[PDB]
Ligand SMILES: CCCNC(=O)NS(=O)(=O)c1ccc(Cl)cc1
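Next up: a single chain in structure tokens, the form solved without the named molecule.
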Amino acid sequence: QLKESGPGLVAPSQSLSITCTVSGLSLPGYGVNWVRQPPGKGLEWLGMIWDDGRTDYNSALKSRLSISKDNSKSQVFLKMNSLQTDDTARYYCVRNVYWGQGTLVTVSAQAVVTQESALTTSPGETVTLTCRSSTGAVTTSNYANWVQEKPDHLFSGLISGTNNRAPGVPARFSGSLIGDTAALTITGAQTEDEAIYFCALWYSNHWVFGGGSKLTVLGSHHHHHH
């Protein structure tokens, strides 16, 4: 439903322009976000444009960023100026729970969110992943968002708005608030759920990603008798 078109290579001190083409079934009011991940590093939120055209930016990168849209083309645009080596990264556009495939850009001549680094379960058992805010208890106004990363950079939103399950996501994924945390409960985890899980929290005008939890699902198939 979302696809990024970027230039592949950008020269140092030049600008980066990426086009996000949105196609599909689309509820109004959620805007489009831009996120990047340098190789080996964590997710960084860049900014978003709301459906009404208002923009919000990562304050540390605001002076370099411009986000725009063209509704006649069904497109959202990212521009970032003065690229340097630390801007080499995969860039993604995101609408609610829907992530583009991302586009690699290679440069060539706050609040803190915490997750368990790693958890293990076995098939069919239930596992809970948690998401903590350094500012205090997580509230519904943090709109905890949960995203699954599978190999080959496949990101899939699972939960948004604390507890709203995305369409087509298995019923075994659920979101809630537990104590001072946001929590993703995987009821009856399956071998296929082995993956990295990211949480993101909203702080009035920006998203912050947690560091991700690597979930291992340890178990082998055994003979089924009928």
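Shifts are known only where both forms have a C-alpha. All residue numbers are counted from 1 along the displayed sequence. If you superpose the two forms and keep the largest set of C-alpha atoms that fall within 1.5 Å, you have the rigid core.
Form solved in complex with the named molecule: not shown, discussed below.
Look up in the deposited bound form whether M48 has a non-hydrogen atom within 4.5 angstroms of the named molecule, and give yes or no. Yes, contact at 4.5 Å.
Quick check on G29: any heavy atom within 4.5 Å of the named molecule in the deposited bound form? It does: once the named molecule is placed as it appears in the deposited bound form, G29 has a heavy atom within 4.5 Å of it.
Would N58 sit within 4.5 Å of the named molecule in the deposited bound form, counting heavy atoms only? Heavy-atom contact with the named molecule at 4.5 Å: absent for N58.
Does at least one non-hydrogen atom of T162 fall within 4.5 angstroms of the named molecule in the deposited bound form? Close contact is absent here: in the deposited bound form, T162 is far from the named molecule, nothing within 4.5 Å, heavy atoms only.
Check all three, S5, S17 and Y92, heavy atom within 4.5 Å of the named molecule in the deposited bound form: Answer is no for this spot.
Which is the contacting stretch out of 112-120, 143-151, 127-135, 79-87, given heavy atoms within 4.5 Å of the named molecule in the deposited bound form? So the stretch in question is 143-151.
For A60, decide whether the Cα shift between the shown form and the other one is 2 Å or greater, given a superposition on the rigid core. For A60, whose C-alpha is compared between the shown form and the other one after core superposition, the shift is less than 2 Å.
By the 2 angstroms cut-off, has the C-alpha of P28 moved between the shown form and the other one once the rigid core is superposed? Result for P28: yes, a 2 Å-plus shift.
Which bits shift between the shown form and the other one if the core is lined up, counting only runs of three or more residues where every C-alpha moves 2 Å or more? After superposition, only residues 25-29 shift as a run.
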